[PDB]
């Protein structure tokens, strides 16, 4: 109704190969007659849920998988229905990233991880550790250059260092991703954020460095190193910098742990072109020729399609992408990921600016992210409990609540508040419900 029928509108981030994708759209148009329009609006990961909630937006949305769980929970994405033959063409782990509540909600395209990118002319052997970067910066500053510049405004770029000694922020429990009790607040994360803030205090980095500033400095030969994903490689090729792409530096002997995003393509639930979207994604884009057209414009990283990934396997930059991906953490796709990112973004900005100490910044981020994630799991458990009818199951839930004493009885009901329960009681209800055969 609001979205035009008989054509496809695709949204993809401005840093990705939207011109290469438009070439795949011209191939679709040449074969089928259907026009494909590719757009890259600003802040599309936020603009998409705003317009799709009103039945508007693109037919197809491209973004890393982390945001798709939140879109699916709001009813914004159509369930995808590839057959076994198509599913067998992509790596099984890529399908896991786009599965939400038992259903596939997007087509996985590529596996993205940040790497350390360095200028071989300024730095033939890149540093293996973060600890050696302050003295390296001093040496390069005497020659008119800096050691490292990377986007400090987005938590995606600073998280690898924070999590190097901090470890993974999330864990899998009772059929769901849960943020750890100290996934953001631990001493290792505090050490990582302190190291980053100390780099700024010692004038080795600037708190206002953003994506454009870092990209221009590296591509103009002003800084020996940057941190970026595969999409950035084309702009460095154009600049003629002799670069290497390698493992991120270690911190306290621990590998840096980037969040691994699976660039994925979802179909808007309001689209009147769901079958055309499926044909374009399965038969045009997710082929060697389709992925090559996008890849030639801006590299995708380690693609989800087995056949084309084998043709990209010999690229040393992809081997580095995969090595960093293995050391990092696959992003969860739960709806609270939005709150997790807002909280870490705020902690890094406040620590780097002196608004808060490192300890206060991460303690507050842990509270904000864990409260939102826990609230979502409580809302879901409340929904789940309210549909149960079977006597044995209800008796056992009530038996578990009775052990705590956190309940009240009225003339007609047995009452309790999920918010007044301890997390161990909530975990026992979740564990019992997982065994009851009900969902």
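Numbering follows the first chain given and starts at 1.
**Q** Which wins on mean Cα temperature factor, 97 to 105 or 337 to 345?
**A** That would be 97 to 105.
**Q** Decide which of the stretches 73 to 81 and 244 to 252 has the higher mean C-alpha B-factor, going by the entry.
**A** Higher mean C-alpha B-factor: 73 to 81.
**Q** Between 122, 148, 113, 285, where does the Cα B-factor run highest in the record?
**A** In this record, 122 carries the highest C-alpha B-factor of the candidates.
**Q** According to the deposited entry, which of 278, 190, 314, 327 has the largest Cα B-factor?
**A** Highest C-alpha B-factor among the listed residues goes to 314.
**Q** Classify residue 62 as lowest, middle or highest third according to the C-alpha B-factor given in the PDB entry, relative to its own chain.
**A** Its C-alpha B-factor belongs to the lowest third of this chain's values.
**Q** Using the B-factors in the PDB entry, rank residue 117's C-alpha atom against the chain and give the third, lowest, middle or highest.
**A** Lowest third, going by the recorded CA B-factors of the chain.
**Q** Taking the values exactly as deposited, rank residue 199 by C-alpha B-factor within its chain and report the matching third: lowest, middle or highest.
**A** Answer is lowest: the recorded C-alpha B-factor places it there.
**Q** Taking only the Cα B-factors deposited for this chain, tell me whether residue 359 sits in the lowest, middle or highest third.
**A** Middle third by C-alpha B-factor.
**Q** In terms of the CA temperature factor given in the entry, to which third of its chain does residue 269 belong: lowest, middle or highest?
**A** According to the entry, residue 269 has a C-alpha B-factor in the chain's highest third.
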